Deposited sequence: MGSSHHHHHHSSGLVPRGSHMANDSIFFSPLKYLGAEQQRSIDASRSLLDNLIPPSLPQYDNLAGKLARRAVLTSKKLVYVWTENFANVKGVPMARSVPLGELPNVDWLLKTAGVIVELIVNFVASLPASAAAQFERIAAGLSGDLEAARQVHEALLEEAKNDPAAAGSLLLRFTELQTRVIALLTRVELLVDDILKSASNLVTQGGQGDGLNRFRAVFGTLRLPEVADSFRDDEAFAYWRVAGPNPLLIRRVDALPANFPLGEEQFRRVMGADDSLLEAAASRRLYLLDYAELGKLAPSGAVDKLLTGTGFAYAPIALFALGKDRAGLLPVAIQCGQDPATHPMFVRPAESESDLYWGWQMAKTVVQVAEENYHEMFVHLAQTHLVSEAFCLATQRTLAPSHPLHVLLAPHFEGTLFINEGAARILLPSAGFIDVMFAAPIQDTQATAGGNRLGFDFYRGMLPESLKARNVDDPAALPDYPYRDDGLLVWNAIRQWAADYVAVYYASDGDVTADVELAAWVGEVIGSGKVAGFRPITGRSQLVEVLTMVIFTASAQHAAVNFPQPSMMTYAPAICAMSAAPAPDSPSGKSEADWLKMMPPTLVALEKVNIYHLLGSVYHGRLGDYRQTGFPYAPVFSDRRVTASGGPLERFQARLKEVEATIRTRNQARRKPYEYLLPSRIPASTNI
């Protein structure tokens, strides 16, 4: 049939190459608000938007993440580019090589040939990419006619990664049988350098410092009157803080800070959770009190209650050096808090509030803002690889016996339900950096001076905020241009109606639009960076932090031992999974905030509007201001106890893609 014949030749590779070239042409259109476009442009963009809703499709019944608004599938165009692919394949092949090299010869035979070939094929692909990038340079006028070999390279790396997958499954099918004090926790690294946290994780001031400069800087809050369920009294406080101090004066001088994990819900099973693959696991919803001394030199831990009900969880107080009989009970209570922390951090702060929020903004943007809408142009780079990585999360990390089931004590269907619930309850406006710092009363550096996430995050937040304002003003001259924009209004409708983004509301003016975009951009870029890139240095070593414990919380502050603490350490399989997935997820830096060039070949500018790209213009100013931020952070880091480098703009990707 004449009507069918084109289908034969029209494969996926051809279609990716077709979309890539279409991409670059549609790139030429000067962007416009729909009300300022001409009749022809209005008709074409309504047609494209209809076609966009074919390809970008909402579901709330995606595998393993029921309830969460997701893409039904990742469009061909949204598959990662060669550059991301090579990078990520590179890390996983390194980790495979490291692992096989750590096995006895007998057992290595399973994998050693497959691994050698994966490593050699990656090397052949990298060399291809290099030579392709050399011919473009030698003849840049012919550059556009090399894109097809870049798409061909893309097909080759995808196939590499499918083979990489088959090996990882075979290794991890066998790991429980392959795995062999804290000796086992160092052995899992193989040749990987152990993080610095492995040498100081027992230090009490280091433990407090997690609250302000660790992977979860969001939960800590000021407390003015302690709640009934945390019955710490003045004698206990004064025992830690000195007789010249008191709860009452500490409260009043804004020196008390509470860490309360009540919101974990089923992520903190009420008791033992026995699993075949990992044995008996526990996790917790503790409450910990921290305080500043009068000089506010630094936060100190004061007391830890290992669950919500004091009638069933005793109060653990910071011991003195001399108090050997309290030493181990206290190390157990800290471990409890860190078990809560991995759960809170990874499920809520990382997965629910970055990844899964950006999912919804991605889908709404592609479905309702035309490709030539200025806000599409602005936002699209900040979603690159987001749909792909999150489908990765759902499929690969969240099923039975997957990484999350292995690494987090809860039953996997409780984990999935609690993660998704936190996403659905997450309020877009309350979740804004300035709003979070106000609501928790941690916004004033004279009360809480050392808080690197706050002070470094405000630099980045405010830099993005000026950029958004500068950019909106190019296109929207008044509030009426905002309310007359039918695309922006449809986007709002979908963010609420399909995206289920709590707290989202009509946008009725420019200042509010700026705040909205600032949130969307910051969430995709800096917030993600801040909570994802700690994983390799802070969360790869299981005795410092793990989302499951093999023993219950300590039953008494007194009389515990080293043996009793060691009981809490997880099985070896958990530690093996931990080091590998956390190295991986924090080792791919793809794209950079403010660059706004394509991150794949031909690496073209994002913005063609000469008003945006003008010398001294909005984009240049944002790029200049990020470099000023870098320099200020680097200066701050000279005076800090440890550098906090996650919010250096040079380390912040534009998008959430790992």
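Residues 1-24, 205-210 of the deposited sequence have no C-alpha coordinates in the structure.
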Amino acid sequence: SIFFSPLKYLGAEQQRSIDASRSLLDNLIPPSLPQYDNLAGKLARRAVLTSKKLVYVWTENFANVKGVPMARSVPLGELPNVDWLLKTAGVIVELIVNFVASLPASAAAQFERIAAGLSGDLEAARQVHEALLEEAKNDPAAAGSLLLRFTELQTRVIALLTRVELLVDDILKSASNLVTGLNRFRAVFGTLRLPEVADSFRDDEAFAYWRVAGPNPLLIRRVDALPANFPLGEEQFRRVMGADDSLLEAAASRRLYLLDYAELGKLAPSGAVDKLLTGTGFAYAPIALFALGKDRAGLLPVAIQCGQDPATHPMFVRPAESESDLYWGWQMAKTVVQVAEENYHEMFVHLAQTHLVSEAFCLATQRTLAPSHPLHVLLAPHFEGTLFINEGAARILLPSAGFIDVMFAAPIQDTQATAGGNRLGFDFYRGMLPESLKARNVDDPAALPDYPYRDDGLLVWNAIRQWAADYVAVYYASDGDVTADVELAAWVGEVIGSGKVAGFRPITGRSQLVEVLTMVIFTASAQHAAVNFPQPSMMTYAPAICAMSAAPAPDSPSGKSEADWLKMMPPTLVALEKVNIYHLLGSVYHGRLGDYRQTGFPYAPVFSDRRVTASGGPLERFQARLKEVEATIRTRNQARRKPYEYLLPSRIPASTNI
From here on, numbers count along this sequence of modelled residues.
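Note on 75-83 vs 237-245: mean CA B-factor is higher in 237-245. Of the two segments, 22-30 and 593-601, the one listed with the higher mean B-factor is 22-30 (C-alpha atoms only). Comparing C-alpha B-factors across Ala116, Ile464, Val579, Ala225 in the deposited entry, the largest value falls on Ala116. Per the PDB record, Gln110 has a higher Cα B-factor than any other of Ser549, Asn532, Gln110, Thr418. Ranked by Cα temperature factor within the chain, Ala131 sits in the highest third according to the deposited record. Ranked against the other modelled residues of its chain, the C-alpha B-factor of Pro411 as given in the entry falls in the lowest third. For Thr180, the recorded CA temperature factor ranks within the highest third of the chain's modelled residues. Sort the chain's modelled residues by C-alpha temperature factor and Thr368 lands in the middle third, per the entry. When all modelled residues of the chain are sorted by CA temperature factor, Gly298 is found within the highest third.
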